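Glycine also receives a Cβ, built like all others from the backbone with ideal geometry; neighbour counts cover every protein chain displayed. Computed from the coordinates by the stated procedures, all read-outs in this text should not be read as laboratory data.
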Amino acid sequence: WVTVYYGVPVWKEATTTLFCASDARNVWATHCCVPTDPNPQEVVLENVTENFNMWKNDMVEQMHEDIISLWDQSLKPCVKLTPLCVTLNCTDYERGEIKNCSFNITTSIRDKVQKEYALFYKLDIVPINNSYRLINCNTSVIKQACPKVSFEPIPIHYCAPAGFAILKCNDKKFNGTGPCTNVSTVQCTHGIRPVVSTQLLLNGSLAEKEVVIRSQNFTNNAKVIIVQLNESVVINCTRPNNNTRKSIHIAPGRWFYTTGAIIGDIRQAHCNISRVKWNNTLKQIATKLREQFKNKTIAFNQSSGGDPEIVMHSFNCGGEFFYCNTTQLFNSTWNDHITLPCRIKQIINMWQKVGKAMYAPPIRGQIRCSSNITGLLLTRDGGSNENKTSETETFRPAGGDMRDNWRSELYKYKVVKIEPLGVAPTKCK
Amino acid sequence: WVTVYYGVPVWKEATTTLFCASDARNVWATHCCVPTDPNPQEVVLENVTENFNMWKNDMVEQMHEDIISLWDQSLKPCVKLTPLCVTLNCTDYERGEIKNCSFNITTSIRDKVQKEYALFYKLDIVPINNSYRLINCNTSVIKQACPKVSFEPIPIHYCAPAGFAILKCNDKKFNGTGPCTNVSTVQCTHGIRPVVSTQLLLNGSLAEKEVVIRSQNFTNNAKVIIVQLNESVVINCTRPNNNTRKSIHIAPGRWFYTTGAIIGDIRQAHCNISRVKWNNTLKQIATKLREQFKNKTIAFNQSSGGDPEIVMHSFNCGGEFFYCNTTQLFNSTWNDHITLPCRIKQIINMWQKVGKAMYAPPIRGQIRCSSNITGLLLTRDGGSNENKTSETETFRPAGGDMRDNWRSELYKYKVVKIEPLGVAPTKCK
Amino acid sequence: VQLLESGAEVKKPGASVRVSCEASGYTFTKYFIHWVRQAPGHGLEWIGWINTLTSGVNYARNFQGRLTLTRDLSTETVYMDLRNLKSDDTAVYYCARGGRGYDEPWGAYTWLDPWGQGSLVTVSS
Amino acid sequence: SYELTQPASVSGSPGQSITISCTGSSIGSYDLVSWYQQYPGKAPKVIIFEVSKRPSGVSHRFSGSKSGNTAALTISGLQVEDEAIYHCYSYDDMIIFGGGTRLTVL
Amino acid sequence: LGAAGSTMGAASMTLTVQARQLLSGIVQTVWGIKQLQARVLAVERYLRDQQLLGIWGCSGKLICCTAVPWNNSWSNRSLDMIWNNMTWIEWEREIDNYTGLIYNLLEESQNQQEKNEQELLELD
Amino acid sequence: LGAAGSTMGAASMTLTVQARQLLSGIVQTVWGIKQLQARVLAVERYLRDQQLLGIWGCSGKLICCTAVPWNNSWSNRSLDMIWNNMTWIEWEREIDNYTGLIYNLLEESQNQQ
Ligand SMILES: *[C@@H]1O[C@H](CO)[C@@H](O[C@@H]2O[C@H](CO)[C@@H](O[C@@H]3O[C@H](CO[C@H]4O[C@H](CO)[C@@H](O)[C@H](O)[C@@H]4O)[C@@H](O)[C@H](O[C@H]4O[C@H](CO)[C@@H](O)[C@H](O)[C@@H]4O)[C@@H]3O)[C@H](O)[C@H]2NC(C)=O)[C@H](O)[C@H]1NC(C)=O
Ligand SMILES: *[C@@H]1O[C@H](CO)[C@@H](O[C@@H]2O[C@H](CO)[C@@H](O[C@@H]3O[C@H](CO)[C@@H](O)[C@H](O)[C@@H]3O)[C@H](O)[C@H]2NC(C)=O)[C@H](O)[C@H]1NC(C)=O
Ligand SMILES: *[C@@H]1O[C@H](CO)[C@@H](O[C@@H]2O[C@H](CO)[C@@H](O[C@@H]3O[C@H](CO)[C@@H](O)[C@H](O)[C@@H]3O)[C@H](O)[C@H]2NC(C)=O)[C@H](O)[C@H]1NC(C)=O
Ligand SMILES: *[C@@H]1O[C@H](CO)[C@@H](O[C@@H]2O[C@H](CO)[C@@H](O[C@@H]3O[C@H](CO)[C@@H](O)[C@H](O)[C@@H]3O)[C@H](O)[C@H]2NC(C)=O)[C@H](O)[C@H]1NC(C)=O
Ligand SMILES: *[C@@H]1O[C@H](CO)[C@@H](O[C@@H]2O[C@H](CO)[C@@H](O[C@@H]3O[C@H](CO)[C@@H](O)[C@H](O)[C@@H]3O)[C@H](O)[C@H]2NC(C)=O)[C@H](O)[C@H]1NC(C)=O
Ligand SMILES: *[C@@H]1O[C@H](CO)[C@@H](O[C@@H]2O[C@H](CO)[C@@H](O[C@@H]3O[C@H](CO)[C@@H](O)[C@H](O)[C@@H]3O)[C@H](O)[C@H]2NC(C)=O)[C@H](O)[C@H]1NC(C)=O
Ligand SMILES: *[C@@H]1O[C@H](CO)[C@@H](O[C@@H]2O[C@H](CO)[C@@H](O[C@@H]3O[C@H](CO)[C@@H](O)[C@H](O)[C@@H]3O)[C@H](O)[C@H]2NC(C)=O)[C@H](O)[C@H]1NC(C)=O
Ligand SMILES: *[C@@H]1O[C@H](CO)[C@@H](O[C@@H]2O[C@H](CO)[C@@H](O[C@@H]3O[C@H](CO)[C@@H](O)[C@H](O)[C@@H]3O)[C@H](O)[C@H]2NC(C)=O)[C@H](O)[C@H]1NC(C)=O
Ligand SMILES: *[C@@H]1O[C@H](CO)[C@@H](O[C@@H]2O[C@H](CO)[C@@H](O[C@@H]3O[C@H](CO)[C@@H](O)[C@H](O)[C@@H]3O)[C@H](O)[C@H]2NC(C)=O)[C@H](O)[C@H]1NC(C)=O
Ligand SMILES: *[C@@H]1O[C@H](CO[C@@H]2O[C@H](CO)[C@@H](O[C@@H]3O[C@H](CO)[C@@H](O)[C@H](O)[C@@H]3O)[C@H](O)[C@H]2NC(C)=O)[C@@H](O)[C@H](O)[C@H]1NC(C)=O
Ligand SMILES: *[C@@H]1O[C@H](CO)[C@@H](O[C@@H]2O[C@H](CO)[C@@H](O)[C@H](O)[C@H]2NC(C)=O)[C@H](O)[C@H]1NC(C)=O
Ligand SMILES: *[C@@H]1O[C@H](CO)[C@@H](O[C@@H]2O[C@H](CO)[C@@H](O)[C@H](O)[C@H]2NC(C)=O)[C@H](O)[C@H]1NC(C)=O
Ligand SMILES: *[C@@H]1O[C@H](CO)[C@@H](O[C@@H]2O[C@H](CO)[C@@H](O)[C@H](O)[C@H]2NC(C)=O)[C@H](O)[C@H]1NC(C)=O
Ligand SMILES: *[C@@H]1O[C@H](CO)[C@@H](O[C@@H]2O[C@H](CO)[C@@H](O)[C@H](O)[C@H]2NC(C)=O)[C@H](O)[C@H]1NC(C)=O
Ligand SMILES: *[C@@H]1O[C@H](CO)[C@@H](O[C@@H]2O[C@H](CO)[C@@H](O)[C@H](O)[C@H]2NC(C)=O)[C@H](O)[C@H]1NC(C)=O
Ligand SMILES: *[C@@H]1O[C@H](CO)[C@@H](O)[C@H](O)[C@H]1NC(C)=O
Ligand SMILES: *[C@@H]1O[C@H](CO)[C@@H](O)[C@H](O)[C@H]1NC(C)=O
Ligand SMILES: *[C@@H]1O[C@H](CO)[C@@H](O)[C@H](O)[C@H]1NC(C)=O
Ligand SMILES: *[C@@H]1O[C@H](CO)[C@@H](O)[C@H](O)[C@H]1NC(C)=O
Ligand SMILES: *[C@@H]1O[C@H](CO)[C@@H](O)[C@H](O)[C@H]1NC(C)=O
Ligand SMILES: *[C@@H]1O[C@H](CO)[C@@H](O)[C@H](O)[C@H]1NC(C)=O
């Protein structure tokens, strides 16, 4: 007899929309995120096997779309810098890293022309003599980020809507896909900081016991390999230059914030890396790769090329965007301290959107951030050398696809829908 | 034995969005509310008590947020006045109360400039010779209010959603805090008219028996004292200075309206208050203050506020914005007609926000306005050199915090959530 | 949260001074700002305060008609406009946050955690 | 009022517990005397919040007292770093300050 | 709805009378959002009570029978002291920290176990 | 949620434990819209199931007696093979093939006939 049972503890894979939650003006403002409940109770589901796939995880796609939208919501009402897309009268004052540029602004009070000057990094300047122009001011609309809002990442706990549950994989040394036998249900994630970076993954979670390397397919050399470390390395990055602030009115309640002067001499940004920790980190990574690849030789060999943001290590310290030269970190081999120079830019092609750009107003200086390296994004060359000199496998830093920054953390979670009805044979009227 | 009772008459304090109910253009005359008024009679709750605190009343907070939001939604699509930010060539057409300014406008036609002129109050312009510019041109965006939008406030009733109810104090001599003994429940509040003013509270409700004074604390002189009268005082306000409108083609498909001409002689707005009714009202207020402070001596003095909306009484007559001189009113000592000139302005920094500036249109000069004084906002002044000649306590006009205009009407209401389900012990089963 | 005063100034008797304070890290309109001066040998003297939202003000009796306080919301800046300066007014003037916050029963008082550097105004013939 | 009659100065050795007081009478009606500490060249800072509450960042050496017309500051285990001028703050319908007490360390 | 000050017993005599429901409405873009949210929530609250009564085995009957004993950790006050010496508001506060516990117990006995017993009768 | 990895017999208690409105709960313009839409849909799903149960003659029943004999082509096994061996997840995966058939039969036998 087909008896109907309601509240049956079963589920099916499903996609829904998760909500923001936090512990605490800023992005990920509390008005838009629910306070996170203390101690959400995790429940272990005994005798449950569940198939996970970190590269097909819609939670990742959702983080990507939501972070972009939120970013735009915050920048949308800020100052357009279009009145400044003019030919500049510009010379100098690492060498000519920073230049003193001037221009005729005709919009500050909207009926007068005034010569104004500002200091700029050469990386934001188009040569066009002493004639210069702002980069991409003629292809994209550049807006200044509003100084009233902090964009500093805080852990965000993403929570399921009612009717849904999040299944978390607790298996030790779990790879990117396949059945997980220690599965628990949770209400929300553990809190992931929305950190944006390229070659190195900063302030993420650590693996337990061993470095775990996950890839959709190692054989396919077009895929990015995510390396999760089980111990972090802390790097101290600074912009030890010192400056003054200036405000050039350019429109009604619409002012441009820039750098007015250099205090003392010019000093380029630099990062403090422990030589020993870095070398040990690479040795254990190479060891795991030697397990994955048939006792082939592991080598790192800088970068094959790409956008400057990929070639250099991109991160954001406070409001200053760093592009560090990491070649010192990636040229070594195994078959069985350190200071890097960094460049600073103010025009950011955020999220790679064509026709859009963001401008980062400066801060006063003497800024240092201590960050945790929790992982790496790498690709294989592979090469065509099969018959001769086939013995070495070379890896290079990779990045730019933001979805990997979230896959590296969301790999343990899956979203399913609760399905309360079912029937079974019994005896009855 | 534990049994279940549903429909249990209990509640907990709670907040929720309240519904706007109308009496029957007109945004504060509720073009967007529903006349849900089927004779919503009250029920008296017998032998219950409840704690009210008008200073913590979220209903007040909602009025503030809702009125601002509605204001902006209504004016969002109106004409920007940016094209008028040019240096103006101005002459004296009291001593130049009205300026006659001519200017070069370049927006309706991209390759042409036209000469335009306007007549307007000097109170809106900055001297820079005959060179002037508009006061709120920089740091803020100014929009002209739409000619088809009006803000003519009517009583608005706020209604709880199903599952919620509004409790009301029926106590006489309720001071704004502590328990009320006579408590009734109503689904909707009475209608409260969203009147905007500063020093004096206009077109509100009257106290049932006597002038009453409420404050969160009477020793803290930083608090605003809300005085509610039991009798209204009628004020006759007028601007007999006749005018006519000039339509200026400011922007494509966009029109700006200003004063084109002055008809007849020069006159100023004035308000007529009964001499006696006013001085007798002060006697009553002073009496109540003497009770509060055990005699001493009550004196009334000038606002000394700096900021014109605070210094002068801020008064709204249709599209006419008044700044009335009240120093003729608050000038007395109590130890046991009057015509006030008014200044007129057209740029309003509504709600005290930067970027929300609004330009009032012409109303063809002539206007008659008749309003009821129902209360006052006062601040305490004393404690200086308490050791000597400290027997007199001074009160001055106070205002500018819009939440006091709403608090003075909503003080008797509280919102609670109904919780109909509960259990109790029995013998059954 | 920090306050920043303008620099020091020197005036003759029968003069006027304009002293500004810039505030940062806490929204200007959420709290009262009080002005106090330090007159060596006398300790501190409270002068007055400004509401910053409604610009209501309150002053000690010995400043009536001589001191005006104002604020500029767009710059989160407060000013002290003091006229008819006497040698008696030599003191270090400070802005100091005021109380805990505006929406509090004793909110205009009990706190004064942020302060500035202070600005000495010297009045001398 | 201006009754916050602070001692012109106090002293004691390192490790000594000391008391600074002003005992104004207009305490009870506001139930409040707070305390500040001023260093040469610096603005005063809050050491005691309301009555006897410790502000974040303030040393555990600091505590206060209120009783009747009593208004006092206690510094237990006096350190050299505590050399400063201490002040009483009260609200007798007005902000009143004490002249201040100069504390030195022997 | 003015019986709140009356004793629990006195007020319970009128649960039917006061079971007004108040679910049917009358007069049948930010403001639109706020009001839409308000309507959705009102529905959600309604359904939560109905789902809860159903899970406990309640038919909608205002007073449900039970299968859970009352015990002294919740209250050892006598019945006259509860029903005739107190109002419902006071009572709810007195036992408020046991709401989750009691609700779980009501469910477990009155409907979870009871339905299992009914299946056994159907098997027979 | 709960002992999903348990036999259906054991899960007869789990069954009723999880029959909470897990489709509703207490949390406290784009983000607001996305969540409001989600809430409305959760309500529709809840009602959809309650309505379907009423259609089949089930109301307030966690275990609802039917009028349809079990059809053995629907992975018969035995009663102990399922109640004391298979979990609900496993069971439904085998019965998914007959869901439409089963529902049509439940409505007609219990109420329409
Ligand atoms: C409008 O009118 C109402 C009266 O209808 C006034 O309400 C009273 O306001 C005062 C001042 O806030 C309240 O006083 C408080 O009493 C507490 C003790 O209450 C218990 O003990 C008394 C003993 O006589 C019983 O009557 C009472 O029912 C309670 O059992 C004190 O604890 C309060 O604070 C004191 O102690 C704490 C201890 O931690 C200290 O930190 C404080 O600094 C302080 O020393 C306080 O004294 C009184 O309870 C209120 N009455 C009612 C019925 O609520 C409103 O003030 C008035 N409003 C205006 C604007 O005038
Ligand atoms: C990446 O994906 C590919 C599938 O697209 C996986 O392919 C697997 O490759 C191995 C190695 O060749 C195959 O194993 C052996 O193949 C020989 C062929 O002659 C056969 O004789 C042996 O008995 C054995 O099957 C394997 O079959 C093949 N998989 C499939 C499904 O065909 C590859 O392993 C993936 N790599 C990673 C890192 O995920
Ligand atoms: C990156 O920055 C961190 C600081 O944020 C550096 O760590 C610091 O290193 C110094 C020098 O080794 C440590 O100093 C020691 O302090 C103890 C205090 O008890 C003292 O007894 C020792 O004699 C010595 O002076 C300091 O404690 C340590 N700080 C932290 C928080 O660990 C780190 O070295 C920098 N990394 C690189 C590669 O430069
Ligand atoms: C996560 O990554 C960040 C960025 O790489 C790490 O550095 C932190 O960066 C913030 C923003 O610049 C620092 O806060 C600032 O401090 C200055 C102090 O003068 C203050 O004026 C600013 O308003 C702001 O509060 C923060 O101190 C800095 N932290 C460290 C240790 O240097 C961050 O440490 C990484 N790890 C974690 C767990 O967040
Ligand atoms: C960049 O380097 C400067 C050093 O030149 C750092 O602080 C500067 O310190 C001087 C000396 O105190 C300040 O000048 C004057 O100080 C007297 C008090 O001695 C004061 O009365 C004057 O009104 C004036 O302030 C100077 O203003 C100050 N510079 C800045 C920008 O604040 C500065 O902190 C270093 N930058 C960063 C980001 O740390
Ligand atoms: C306790 O509060 C209740 C609720 O406000 C008070 O009852 C109300 O009393 C007034 C009269 O003072 C009634 O208004 C008038 O009644 C007459 C006679 O029916 C009618 O002709 C007038 O048009 C007007 O309606 C009011 O309706 C009545 N409200 C209710 C709900 O019954 C009560 O008097 C207060 N008791 C104490 C001791 O304060
Ligand atoms: C406004 O806030 C103040 C401060 O919290 C309240 O002050 C209270 O005023 C009463 C009457 O003046 C004081 O009662 C008596 O004080 C004397 C002090 O010498 C004492 O000997 C008596 O035994 C009795 O306690 C009370 O202590 C004082 N409050 C303290 C914490 O609150 C004032 O009443 C508040 N006003 C309003 C309208 O809320
Ligand atoms: C409103 O408040 C003001 C400010 O307190 C009151 O004005 C003050 O009125 C007194 C008495 O007329 C003036 O006293 C005079 O002081 C001079 C000092 O040199 C002395 O020589 C005279 O013989 C006399 O004692 C006081 O100066 C004046 N204050 C100011 C700043 O002008 C005003 O009376 C109050 N009005 C009301 C209605 O309360
Ligand atoms: C996951 O699978 C394991 C293994 O089947 C379950 O553990 C134990 O399972 C037996 C039935 O196979 C339960 O019944 C009792 O076994 C004892 C054996 O000494 C017997 O004497 C009793 O008469 C009865 O047959 C046993 O209680 C159970 N043990 C525990 C600790 O739970 C396990 O329950 C399964 N997980 C879930 C969530 O169902
Ligand atoms: C239900 O109504 C009660 C009204 O009846 C009487 O009210 C007085 C207060 O006005 C109660 O206390 C008295 O207070 C006098 C002044 O302080 C004292 O002199 C007198 O001795 C006594 O203490 C009186 O007890 C009470 N009578 C009875 C039979 O209860 C009211 O008091 C209740 O608060 C009210 N309850 C609710 C929930 O509204
Ligand atoms: C902007 O353009 C002017 C005009 O060409 C430059 O002025 C000359 O600067 C040189 C030094 O580099 C002097 O020797 C010439 O005498 C200046 N010319 C005149 C007419 O005075 C100016 O240097 C340019 N500035 C920048 C920042 O590019
Ligand atoms: C701002 O505009 C002025 C023109 O009004 C520019 O000055 C001219 O520069 C050219 C080239 O060096 C000279 O031949 C002219 O004689 C200059 N004219 C005058 C009046 O000086 C000036 O270079 C522009 N400045 C900036 C920063 O763009
Ligand atoms: C507007 O601009 C005109 C000039 O185009 C000013 O007119 C002249 O100003 C000079 C200098 O004061 C006088 O000597 C002439 O007599 C003025 N001519 C006329 C016809 O008035 C004029 O004053 C400016 N301002 C206004 C308000 O018109
Ligand atoms: C409005 O309130 C005032 C008090 O604020 C009432 O004034 C009364 O005036 C007479 C003398 O004309 C006195 O004998 C009374 O004692 C006063 N009453 C009170 C409560 O103070 C006035 O009557 C009230 N108006 C109305 C219409 O009731
Ligand atoms: C269960 O129901 C199915 C559906 O009626 C029965 O199988 C059908 O048999 C006819 C021939 O009589 C075929 O044409 C259909 O294609 C079959 N359908 C399916 C889904 O198999 C089946 O015999 C019944 N089984 C039992 C034990 O009663
Ligand atoms: C770079 O190396 C030098 C020498 O060891 C060290 O003094 C410096 O602090 C290092 N890094 C940075 C960012 O300054
Ligand atoms: C417009 O600009 C010209 C510039 O030569 C000036 O002479 C004229 O007076 C201006 N007109 C107005 C109305 O400002
Ligand atoms: C004020 O004081 C005078 C004495 O100076 C006294 O004659 C008068 O009656 C008092 N009355 C009022 C209302 O101020
Ligand atoms: C009341 O019931 C709970 C739940 O079964 C139990 O834990 C508690 O010990 C019982 N208390 C008493 C006094 O019976
Ligand atoms: C529930 O907690 C509140 C707050 O502590 C308390 O007032 C109430 O009586 C508690 N209920 C029980 C049964 O303890
Ligand atoms: C029907 O059975 C086949 C296997 O024969 C399976 O692949 C298919 O998914 C089943 N249909 C349903 C609705 O489960």
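Mind checking which residues of region B:286-312 are assigned to a helix (DSSP H, G or I), crowded, with 20+ Cβ neighbours inside 10 Å and of a type outside the set (D, E, K, R)?
B:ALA286, B:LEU289, B:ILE310, B:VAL311 - these are the residues of region B:286-312 that are assigned to a helix (DSSP H, G or I), crowded, with 20+ Cβ neighbours inside 10 Å and of a type outside the set (D, E, K, R).
Which one is nearest to E:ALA4 (Cα to Cα) among residues in region B:132-181 that are hydroxyl-bearing (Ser, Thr, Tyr) and within 14 Å of chain C (Cβ to nearest Cβ)?
Top of the filtered list is B:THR177.
Just name the residue that is surrounded by the most Cβ atoms within 10 Å (Cβ to Cβ) out of those in region B:1-28 that are away from chain E (no Cβ under 11 Å) and in contact with a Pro (Cβ under 7 Å, 6 or more places away or on another chain).
B:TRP28
Can you name every residue in region E:75-88 that is in contact with a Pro (Cβ under 8 Å, 6 or more places away or on another chain) and either in a loop (DSSP other than H, G, I, E, B) or within 15 Å of ligand 20 (Cβ to nearest atom) (or both)?
Scanning region E:75-88 gives E:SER75, E:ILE82, E:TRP88.
Quick check on my filter: what residues within region E:19-42 are within 7 Å of another protein chain (Cβ to nearest Cβ), surrounded by fewer than 16 Cβ atoms within 10 Å (Cβ to Cβ) and under 28 Å from E:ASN104 (Cα atoms)?
Across region E:19-42, the qualifying residues are E:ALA19, E:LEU23, E:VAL40.
Output yes when any residue across region F:69-92 is over 30 Å from A:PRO40 (Cβ atoms) and of a type in the set (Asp, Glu), and no when none is.
The answer is yes, given that some residue of region F:69-92 is over 30 Å from A:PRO40 (Cβ atoms) and of a type in the set (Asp, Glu).
Exactly one condition in (1) surrounded by fewer than 19 Cβ atoms within 10 Å (Cβ to Cβ); (2) in contact with a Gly (Cβ under 6 Å, 6 or more places away or on another chain); (3) in a strand (DSSP E or B) is false for A:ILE363; which is it?
Here A:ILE363 meets the rest and fails (3).
Is it the case that F:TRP70 is within 16 Å of ligand 9 (Cβ to nearest atom), within 7 Å of another protein chain (Cβ to nearest Cβ) and over 30 Å from A:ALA21 (Cα atoms)?
no
Could you tell me how many of the residues in region D:68-97 are closer than 22 Å to D:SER17 by Cα, assigned to a loop (DSSP other than H, G, I, E, B) and touching a strand residue (DSSP E or B) at 6+ places or on another chain (Cβ under 9 Å)?
The qualifying residues number 4.
Just checking, does region B:285-306 include any residue being closer than 30 Å to C:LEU53 by Cα, within 14 Å of chain C (Cβ to nearest Cβ) and either within 16 Å of ligand 12 (Cβ to nearest atom) or of a type in the set (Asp, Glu) (or both)?
Scanning region B:285-306, I find no residue that is closer than 30 Å to C:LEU53 by Cα, within 14 Å of chain C (Cβ to nearest Cβ) and either within 16 Å of ligand 12 (Cβ to nearest atom) or of a type in the set (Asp, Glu) (or both), so the answer is no.
May I ask you to say which residue of C:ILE50, C:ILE33 is within 10 Å of chain B (Cβ to nearest Cβ) and within 13 Å of C:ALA96 (Cβ to Cβ)?
C:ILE50
So which residues in region A:153-184 are in contact with a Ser or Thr (Cβ under 6 Å, 6 or more places away or on another chain) and farther than 19 Å from A:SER408 by Cα?
Result: A:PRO161, A:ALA162, A:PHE164, A:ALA165, A:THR181.
I'm trying to understand the selection: among the residues of region B:334-363, which are among the basic types (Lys, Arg) and more than 17 Å from B:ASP124 (Cβ to Cβ)?
Residue satisfying the conditions is B:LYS353 alone.
Inspect region C:66-76 for any residue being within 14 Å of chain B (Cβ to nearest Cβ), in contact with a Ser or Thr (Cβ under 6 Å, 6 or more places away or on another chain) and surrounded by fewer than 17 Cβ atoms within 10 Å (Cβ to Cβ) and give the result as yes or no.
The answer is yes, given that some residue of region C:66-76 is within 14 Å of chain B (Cβ to nearest Cβ), in contact with a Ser or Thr (Cβ under 6 Å, 6 or more places away or on another chain) and surrounded by fewer than 17 Cβ atoms within 10 Å (Cβ to Cβ).
Just for region A:357-382: of the residues that are of a type in the set (A, V, I, L, M) and out of contact with any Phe, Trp or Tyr (no Cβ under 7 Å at 6 or more places or on another chain), which one is farthest from ligand 11 (Cβ to nearest atom)?
Of everything passing the filter in region A:357-382, A:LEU376 is farthest from ligand 11 (Cβ to nearest atom).
Kindly list, by first and then second residue, each pair from a residue in region E:81-108 that is among the aliphatic types (A, V, I, L, M) to a residue that is part of a helix (DSSP H, G or I), limited to pairs with Cβ atoms under 8 Å and residues at least 6 apart or on different chains.
So the pair list comes out as E:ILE82/E:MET8; E:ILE82/E:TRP91; E:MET86/E:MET8; E:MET86/E:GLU94; E:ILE89/E:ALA4; E:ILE95/E:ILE102.
Limited to region B:35-53, what total is found for residues that are within 14 Å of ligand 10 (Cβ to nearest atom), in a loop (DSSP other than H, G, I, E, B) and either in contact with a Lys or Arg (Cβ under 9 Å, 6 or more places away or on another chain) or more than 7 Å from every other protein chain (Cβ to nearest Cβ) (or both)?
Total meeting the criteria: 1.
In region B:375-391, which residues are closer than 30 Å to B:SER232 by Cβ and either in contact with a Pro (Cβ under 8 Å, 6 or more places away or on another chain) or within 13 Å of chain D (Cβ to nearest Cβ) (or both)?
B:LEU376, B:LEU377, B:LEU378, B:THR379, B:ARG380, B:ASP381, B:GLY382
Only one residue in B:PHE395, B:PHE322 is buried (at least 20 other Cβ atoms within 10 Å of the Cβ) and more than 17 Å from the chain's Cα centre (by Cα), so which one is that?
None of the other options fit; the residue is B:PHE395.
Just a yes or no: is a residue in region C:57-65 more than 27 Å from B:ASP401 (Cα to Cα), among the polar types (S, T, N, Q) and away from chain B (no Cβ under 12 Å)?
Checking region C:57-65: not a single residue is more than 27 Å from B:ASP401 (Cα to Cα), among the polar types (S, T, N, Q) and away from chain B (no Cβ under 12 Å).
What's the number of the condition A:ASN51 fails, among (1) surrounded by 14 or more Cβ atoms within 10 Å (Cβ to Cβ); (2) closer than 30 Å to A:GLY178 by Cβ?
Condition (1) is where A:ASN51 drops out.
If I go through region E:1-18 residue by residue, how many of them are among the hydrophobic types (A, V, I, L, M, F, W, C) and more than 7 Å from every other protein chain (Cβ to nearest Cβ)?
3
Considering only region E:50-66, I want to know if a residue exists there that is facing chain F (nearest Cβ under 9 Å), among the β-branched types (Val, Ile, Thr) and out of contact with any strand residue (DSSP E or B) (no Cβ under 6 Å at 6 or more places or on another chain).
Within region E:50-66 (the criterion being facing chain F (nearest Cβ under 9 Å), among the β-branched types (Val, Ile, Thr) and out of contact with any strand residue (DSSP E or B) (no Cβ under 6 Å at 6 or more places or on another chain)), the answer is yes, since at least one residue qualifies.
How do the pairs read when you match residues in region B:119-145 that are within 18 Å of B:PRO361 (Cβ to Cβ) with residues anywhere that are of a type in the set (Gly, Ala, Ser), using Cβ under 6 Å and keeping only pairs 6 or more apart or on different chains?
Within 6 Å, the pairs are B:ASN136/B:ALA357; B:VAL141/B:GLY355; B:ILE142/B:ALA357.
Any residue in region B:346-360 that is closer than 27 Å to C:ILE50 by Cβ and within 16 Å of ligand 18 (Cβ to nearest atom)?
no
Here's a check for you: in region A:54-86, which residue that is acidic (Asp, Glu) and away from chain F (no Cβ under 11 Å) is surrounded by the most Cβ atoms within 10 Å (Cβ to Cβ)?
Here the answer is A:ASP58.
Among what's in region E:76-85 and is under 20 Å from B:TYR6 (Cα atoms) and within 9 Å of chain B (Cβ to nearest Cβ), pick the residue that is surrounded by the fewest Cβ atoms within 10 Å (Cβ to Cβ).
E:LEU79
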